[PDB]
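Trainee: My structure is below; once you've seen it, I'll send some questions.
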DNA sequence: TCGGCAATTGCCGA
DNA sequence: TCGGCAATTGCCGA
Ligand SMILES: [Zn+2]
Ligand SMILES: [Zn+2]
Ligand SMILES: [Zn+2]
Ligand SMILES: [Zn+2]
């Protein structure tokens, strides 16, 4: 209940709040993202979670190109 | 702001939305920690600070080597693909 | 540090 | 799909 997603908020319907993409959206396989009330832009249910994810992949790629913790 | 630090909410005073710390926290000298909406967990705002920095480096680097914008897993617009446990 | 009302937002239910 | 009200909130003033 702390923060309901793009889809549910607009659908105006209860959001089961699960990480990282609430069952309702999971079930249907529609990406599940949160929504920035200020900007109106789509935005991930979880910033750190997105960051931690982002760098990982950044890192792996960097590794295949030879590098590291730069 | 729907972000107002664990401190501020408590005290019930107006959280000063900057990174790696909101104004009072700083002055009052303390660690500025945000209660992550979704996950519900604590998140020191700085931890995000640095973590943001780390993309930064990463983006110079990977760009240098001849790269830019990466495929992920958690995600941003109602137009990326979705998450699945374990697997990508 | 709080009472506490304004905004905000979850979500019934039809 | 949504009206509209419950429940949360940010945070003022004391
Ligand atoms: Zn949802
Ligand atoms: Zn969802
Ligand atoms: Zn604060
Ligand atoms: Zn703070």
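Trainee: Test residue B:48 against the criterion of being under 22 Å from residue A:19 (Cβ atoms) and in contact with a strand residue (DSSP E or B) (Cβ under 6 Å, 6 or more places away or on another chain), and give yes or no. Spell out the reasoning first.
Mentor: Details: under 22 Å from residue A:19 (Cβ atoms): yes; in contact with a strand residue (DSSP E or B) (Cβ under 6 Å, 6 or more places away or on another chain): no.
Answer is no for this residue.
Trainee: Looking at (1) within 26 Å of residue B:44 (Cα to Cα); (2) more than 8 Å from ligand 2 (Cβ to nearest atom), which is the only condition residue A:33 fails?
Mentor: It fails just one condition, (2).
Residue-by-condition table, conditions (1) part of a helix (DSSP H, G or I); (2) surrounded by fewer than 17 Cβ atoms within 10 Å (Cβ to Cβ):
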residue: B:15; (1), (2): no, no
residue: B:18; (1), (2): no, yes
residue: B:47; (1), (2): yes, no
residue: B:58; (1), (2): yes, no
residue: B:73; (1), (2): no, no
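Trainee: Could you check residue B:40 against (1) surrounded by fewer than 13 Cβ atoms within 10 Å (Cβ to Cβ); (2) within 11 Å of chain A (Cβ to nearest Cβ); (3) farther than 17 Å from residue A:46 by Cα and say which number it fails?
Mentor: Unmet condition: (3).
Trainee: Any residue at all in segment B:69-88 that's at the interface with chain A (Cβ under 10 Å from one of its Cβ atoms) and in contact (Cβ under 8 Å) with a residue 12 or more places away in the chain?
Mentor: Checked segment B:69-88: at least one residue is at the interface with chain A (Cβ under 10 Å from one of its Cβ atoms) and in contact (Cβ under 8 Å) with a residue 12 or more places away in the chain.
Trainee: Can you work out which of the residues in segment A:11-32 that are within 15 Å of DNA strand C (Cβ to nearest atom) and without any contact (Cβ under 8 Å) to a residue 12 or more places away in the chain is farthest from residue B:86 (Cα to Cα)?
Mentor: Restricting to residues being within 15 Å of DNA strand C (Cβ to nearest atom) and without any contact (Cβ under 8 Å) to a residue 12 or more places away in the chain, the top hit is A:12.
Trainee: Considering only segment B:20-45, state which residues are without any contact (Cβ under 8 Å) to a residue 12 or more places away in the chain and either within 11 Å of ligand 3 (Cβ to nearest atom) or not in a loop (DSSP other than H, G, I, E, B) (or both).
Mentor: Taking segment B:20-45 as the starting set, the residues that turn out to be without any contact (Cβ under 8 Å) to a residue 12 or more places away in the chain are B:23, B:26-27, B:29, B:36, B:38-41, B:43.
Correct list: B:23, B:26, B:27, B:43.
Trainee: Could you tell me which residue of segment B:1-13 is nearest to ligand 2 (Cβ to nearest atom), considering only residues that are surrounded by fewer than 17 Cβ atoms within 10 Å (Cβ to Cβ) and assigned to a loop (DSSP other than H, G, I, E, B)?
Mentor: Taking segment B:1-13 and keeping what is surrounded by fewer than 17 Cβ atoms within 10 Å (Cβ to Cβ), we get B:1-3, B:9-13.
Now narrow it down to the ones that are assigned to a loop (DSSP other than H, G, I, E, B): B:1-3, B:12-13.
Numbers: B:1: 23, B:2: 17, B:3: 20, B:12: 31, B:13: 33 Å.
Among them, the one singled out is B:2.
So basically every Cβ, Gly included, is an ideal-geometry build from the backbone, and we count neighbours across all protein chains shown. Throughout, read-outs are computed from the coordinates displayed, never taken from laboratory work.
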